[PDB]
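Chain and residue survey
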Amino acid sequence: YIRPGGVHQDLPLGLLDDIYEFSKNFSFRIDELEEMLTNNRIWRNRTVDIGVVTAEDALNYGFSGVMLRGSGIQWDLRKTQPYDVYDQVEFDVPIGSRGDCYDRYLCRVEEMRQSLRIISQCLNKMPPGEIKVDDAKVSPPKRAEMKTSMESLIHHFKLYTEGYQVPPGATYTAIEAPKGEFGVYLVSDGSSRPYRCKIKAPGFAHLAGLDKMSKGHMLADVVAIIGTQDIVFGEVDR
Amino acid sequence: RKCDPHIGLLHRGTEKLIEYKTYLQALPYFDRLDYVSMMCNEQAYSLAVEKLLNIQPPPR
Amino acid sequence: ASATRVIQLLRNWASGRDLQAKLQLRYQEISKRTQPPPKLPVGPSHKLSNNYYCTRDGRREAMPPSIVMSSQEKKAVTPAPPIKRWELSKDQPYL
Amino acid sequence: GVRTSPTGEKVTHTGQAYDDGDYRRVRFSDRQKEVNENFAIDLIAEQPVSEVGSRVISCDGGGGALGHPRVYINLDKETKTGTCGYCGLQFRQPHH
Amino acid sequence: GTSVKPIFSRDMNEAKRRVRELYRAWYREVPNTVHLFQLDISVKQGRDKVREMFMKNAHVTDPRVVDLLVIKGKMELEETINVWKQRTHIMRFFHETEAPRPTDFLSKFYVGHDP
Amino acid sequence: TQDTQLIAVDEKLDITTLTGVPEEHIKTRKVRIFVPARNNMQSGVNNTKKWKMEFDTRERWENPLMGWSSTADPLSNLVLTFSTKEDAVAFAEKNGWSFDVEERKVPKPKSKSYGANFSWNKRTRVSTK
Amino acid sequence: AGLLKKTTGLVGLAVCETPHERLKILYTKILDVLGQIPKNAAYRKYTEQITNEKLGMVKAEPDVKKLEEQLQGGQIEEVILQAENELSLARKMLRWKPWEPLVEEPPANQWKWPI
Amino acid sequence: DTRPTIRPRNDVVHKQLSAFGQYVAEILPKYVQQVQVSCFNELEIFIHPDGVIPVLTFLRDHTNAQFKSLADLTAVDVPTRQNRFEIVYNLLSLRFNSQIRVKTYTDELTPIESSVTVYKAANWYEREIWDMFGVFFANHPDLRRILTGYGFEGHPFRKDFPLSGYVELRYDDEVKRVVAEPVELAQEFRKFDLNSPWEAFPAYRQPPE
Amino acid sequence: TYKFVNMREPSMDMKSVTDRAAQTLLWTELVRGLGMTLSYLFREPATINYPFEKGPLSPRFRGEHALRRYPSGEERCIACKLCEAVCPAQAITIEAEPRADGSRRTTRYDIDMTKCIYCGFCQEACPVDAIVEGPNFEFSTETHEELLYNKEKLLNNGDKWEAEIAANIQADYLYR
Amino acid sequence: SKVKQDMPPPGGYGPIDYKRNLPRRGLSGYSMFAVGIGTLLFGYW
Amino acid sequence: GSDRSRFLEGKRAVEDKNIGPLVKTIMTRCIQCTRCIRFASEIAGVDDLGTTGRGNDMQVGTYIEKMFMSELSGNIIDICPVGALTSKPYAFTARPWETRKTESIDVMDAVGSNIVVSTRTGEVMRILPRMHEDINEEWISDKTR
Ligand code: SF4
Ligand code: SF4
Ligand code: SF4
Ligand code: SF4
Ligand SMILES: [K+]
Ligand SMILES: [Zn+2]
């Protein structure tokens, strides 16, 4: 859906209402999850002080996202280097305390709640306008315009056959993905196809530091640790 | 004592196939990179391509 | 696919909250699956005059990277002014 | 219309039918050769030719955005009927 | 210009020394692969294959190249030791399922249009 | 430059054993260094400014089921680009591939003149506009 | 100074009960280690400037919170940590000595990436 | 706005990044070959390959840099260059919320000092550059294949390497094993030659040679 | 703005410590955990009765590919090969040849469902709305070869799901 | 006509709860211990 | 060029003209660059192509029915910058972005004109001229095309 230049097509009529209805009740489900896990003496024993990471060790290990926020490091790309319109919504970053599994889990739940707040703000501040950049050389023209006008047809043909030529250069753009700082180093050459697209993956760095976390911890603690990273090997293996 | 992770058990050559595809053609690759957070990957790629193209999406 | 009043009290007491007010099952509050046709607006460049692409061009106004030193008192500088310490959230400081 | 080759194989609209001395027909036994009976070559033929009263006429295929890109056909040659290159509909000047 | 950085060795003799000790490790290893990996090829039937693999790239003369394949062979030995390769991975060295290919020109002409 | 007992390695560079290319696909192939010719359909020369290296076309048979263009030549769709001919031949020799470089053809500078279209003595006078 | 903070926030960073003295001795050590660097080198000039200013600010302010705001380097413990890091950097840069001119011009067009 | 589609341009960030580029160039003239700021406010420092350990350490430890997070470490292969491999370091400074790029060059058979000592996150990254491209990193705690299958022969991300490789896998019942065979695709990858023969951007027009 | 998620020191009043000891000995939060699951068992299950009950969809749903045709009967496809040129997985193979009448139509239009990624890029690229992603998604096959779609199979899908696909496009073409 | 697209209602959507709502319930520790001890005493008698 | 249009009227349409079994003509696509006319006059010698009328209705053709028959006729297909003149045997067979181009030498005549064989799916689709400036300039004969 999200594409260079905006979004593919506009939201179907009557979707904001459904999103509001769902987000109204999602708080109860979050509270139920908390009541299920937060204060349980079993969960609070398998995740408290299990997998502690130091602040400087976390920074040096290339960690990002929760594993920084979970260990006192006050960093979040949504606030420090805002992208899109993240400089408008108001939210709080759940800074962690101890750096263990329990602290990171609490951080994740609080991020869920803050994201619910951001969803409410986005629903209440939807502006009028179009969906893609008003440039038929980087965004395909509307299907109505394509079937009526010369330039729209030509641009649609060339965009869907050749594509938009990206100016030569290289960039590294990263965002606060729900896992961490997901980034891309995109290197173009002036043609219609990329020359080198390297993917910076928080999962890669987090799994690189798995051994440092699991020191003296038993196998069950390792089961907890490879879960506190939310490790996904689609992103890791690229 | 030691825990060596042997990743690559799902290594699709994504960063190699991306070159052979155009920027629009490479968009679905990022959706298939992280399968639990999806629109964020497309958002990152779109921001990169927009920054390279020196264009900005509409406020909506 | 409605519970009796006796049951609702048992569910509410076992959970400690009014579940009937906020349920996870959508009954009728959803938007109707058939909707009136939409009329999408136009962008800021759907003008019949003063709409030359030279002004609106985005790709062609990207200069090559600017070199600041090549191989072919002066106060120390910084990449940017230092970050400013974050403040506690007045909404809910301590969880 | 779909017709039967001497072997027994139905020919498609593309004129495709495996030869008798072709082993590939083995795939079709105990199965059927999936073909489309509604031939576009025939179905467009009996569509009436519209008697357009102008030198040129615009065709969009019907339905506006639902159809094909709008194109203008020049109806000047009395020996032929202008046919849209997208949908195949014909047009003709009223006896010129 | 004509003179460039070295990888590990500073002459051909040291590169040959490293090749020698790598062959030492492989030759000592082979029966351990035969037993541990439950291989069915004879011990000699693996040692001669190690010899043939060493003899394959016996024509190289750039030292840095020799150190590079020394490291690569060390990595393959590392994989073979701590059961990182499996039975199929090891058996790939003996190309078994591959039909034998012809060497004379006449058979190649008979079989297809290739060099 | 590099103070690590900087060693003379005069003999020519060769990574034929460090690329993983099998036996067959390293001498029986013949790369071709050439500047691509302009597509005569068009009239733009922006595709005739970079040297290209390509491999000889091999067998391309039809798939029995559907009729695809089945092939068994991995180095068939791989074409490298190079800024200069010398760099391309350096890459070809470095990887041990036989080459046959073709020189870059350049359009000879013509001599255009509008006046010759309406000459008085010569045969370049056009009979139409 | 004032009431000592219970924790520094970031884990691992233990609260330092002697911030002013630690900062003073670290800055003096940094200056003395810099003294070995030749004066013409930019490292010496810039680091001496920065350490001189920050030493002055440390000497002036006796309030820990006001010193924290003035140095603009997060909490004080981060400031001692980064002062130690700069001391180690100067110690290693003694050996590296980047004051010497460029080691080697890049070969032709290693840069210039329209290709 | 007058530029509703053109991405807004920030010039203050450009000035700050240029100032820091001159700062780094003056600090380490031994290795810093060429520094440049892109139009979208990203600073790149091209250093000699010997300056991998020093320069990074400086950027990690200096009070005015404080780049304490190796975001990404990658390589770009350009066959037309002498030293084709081009190693890229991306660093992020959380104190000055700034991103920097340190780019060095290296051929096929030239080693690079491993930055594991400086950035312990690099330990895995380096292996990837070794596995994908073949750049050997000396003084590395353990260099091994990280992504390719065991016994793989070649470096996939190299330009002179087919995207389909040379060997495919199959299961053979005769040997009851997952054997490897020469590659043979049912449908060959249709190579599309999509490139307009008309110059796109006059700004990046290479002067004739 | 940031919040300390776990920075709460427990009170050390005799009542507080008595309550903590009571919770430890007489398991209290454990009983709350039991009560939550008791409350949800007494709640209504969310399962639907497939295949007699189907999960909701939208008119934009991407499913089985199909070739549409004009109301007259002529196919919409004109072999412009935009869909083949835009497919990220190269799943479309097109061979064109001028028909006997003269109109340019595909002599071969094969879409490989085993290689398709169901992105919908083809249906956007098509300038005549010839190729679409139908609403069908229950088309699993027992053999692999049945997923290699021919022109005839795609035309059959277009003739079969035309009633649904025409309505789906009618309810969505204005958004595009 | 006018433009039509999915929009929030003219007055905006209602409030969205996000804070934790873990309710407090149960007797005090003294009361719980007293009930347990009283049950033990009655059973003993 | 721009990325939209401000033309809100009816376009023109031109009756097609027949010039033989090699060059298919869709004259409504003609931009009237008169390049085919100049090529026929000078390179081909035969003065059978030209214009008719004036204004927006001035059309490029032969007026009377007369096939453009010459050994170098097919080269007009290359000369036309638009799809007004197209190769009849190649009509509706392949797209330019998908054909692999292989340079070769013509063997029909003895001039040895350099050509580009564009093949897709292991099948020859069309022969285009390749510029040499000594052998064939940038033209080929019809027996070569
Ligand atoms: S929807 Fe299917 S057929 Fe269409 S482009 Fe995507 S993968 Fe290819
Ligand atoms: S995009 Fe549509 S008209 Fe063009 S070839 Fe594909 S199906 Fe046919
Ligand atoms: S070459 Fe083509 S566009 Fe030019 S005048 Fe002739 S037919 Fe028209
Ligand atoms: S491809 Fe060119 S000549 Fe053909 S219709 Fe489009 S603009 Fe006209
Ligand atoms: K033409
Ligand atoms: Zn029509």
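By the method listed in its record, cryo-EM, this PDB entry was determined to a resolution of 3.4 Å.

1. Remarks on the coordination of the zinc ion (ligand 6)
Residue and element names in this part refer to chain D. The coordination sphere of the zinc ion (ligand 6) contains the protein donors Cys59 (SG), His68 (NE2), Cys84 (SG) and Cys87 (SG), at a distance range of 2.1 to 2.3 Å. Around the zinc ion (ligand 6) sit 4 donor atoms; with metal-centred angles ranging over 87 to 133°, the donor geometry is tetrahedral. When the donors of the zinc ion (ligand 6) are listed by position in the chain, the intervening gaps give C-x8-H-x15-C-x2-C. With a gap of 25 residues between them, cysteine 59 in strand β2 (residues 56–59) and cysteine 84 in the loop between β4 (82–83) and β5 (90–92) connect regions that are remote in the sequence. When sorted by exposure, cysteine 59 lands in the same class as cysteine 84, which is buried.

2. Remarks on the sheet that holds strand β6 (residues 196–200) of chain A
Residue and element names in this part refer to chain A. With respect to topology, 3 strands assemble into an open sheet ordered β4-β5-β6, the strand pairing being antiparallel. Only two strands of the sheet have a single partner each, and these edge strands are β4 (170–176) and β6. In this sheet, neighbouring strand axes are inclined to one another by 15° on average, regardless of whether the strands run parallel or antiparallel. Two elements, β4 and strand β5 (residues 181–187), share 7 bridges in a ladder whose sense is antiparallel. The residue bridging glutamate 176 from the neighbouring strand is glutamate 181, located in β5.

3. Description of the packing of helix α1 (residues 15–37) of chain A against helix α2 (residues 29–41) of chain I
In the contact formed by α1(A) and α2(I), the axes pass within 9 Å of each other and the chain directions differ by 140°. Taken together, the axes of α1(A) and α2(I) are oblique relative to one another. Contact with α1(A), carried on its side by A:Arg29, A:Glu32, A:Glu35 and A:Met36, involves I:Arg32, I:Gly33, I:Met36, I:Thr37 and I:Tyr40 of α2(I) and no other residues of that element.

4. Section: helix α2 (residues 44–56) of chain E
Residue pairs spaced three or four apart in an α-helix point in one direction, given the helix's 3.6 residues per turn. All names here are of chain E. Counted at 1.5 Å a residue, the expected span for α2 with its 13 residues is 18 Å, and the 18 Å between its end C-alpha atoms agrees. Within α2 the residues assigned to the buried category are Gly46, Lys49, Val50 and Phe54. One face of α2 carries all of its buried residues, which in axial projection span an arc of 140°. Against α1 (12–36) lie the buried residues of α2.

The rules behind the values
Residues numbered from 1 in each chain as written, not as in the entry; some residues may be left out. Chains lettered and ligands numbered in written order. Part of a larger assembly, values for the part shown. Heavy atoms only, no water. Donors = N, O, S within 2.8 Å, 3.2 Å for Na, K, Ca; no water. Tetrahedral: all angles 85-135°; square planar, octahedral: opposite > 155°, others 65-115°. Helix = DSSP H or I, 4+ residues; strand = E, 2+ residues; numbered from the N terminus. Buried < 20%, exposed > 50% of the residue type's maximum accessible area, 1.4 Å probe, protein only. Pairing = 2+ DSSP bridges. Axes fitted to C-alpha atoms, helices over the stretch in contact; angles between N-to-C directions. Parallel < 35°, antiparallel > 145°, perpendicular 65-115°, else oblique. Contact = heavy atoms within 4.5 Å. Expected span 1.5 Å × (residues − 1). Arc of directions from axis to C-beta.

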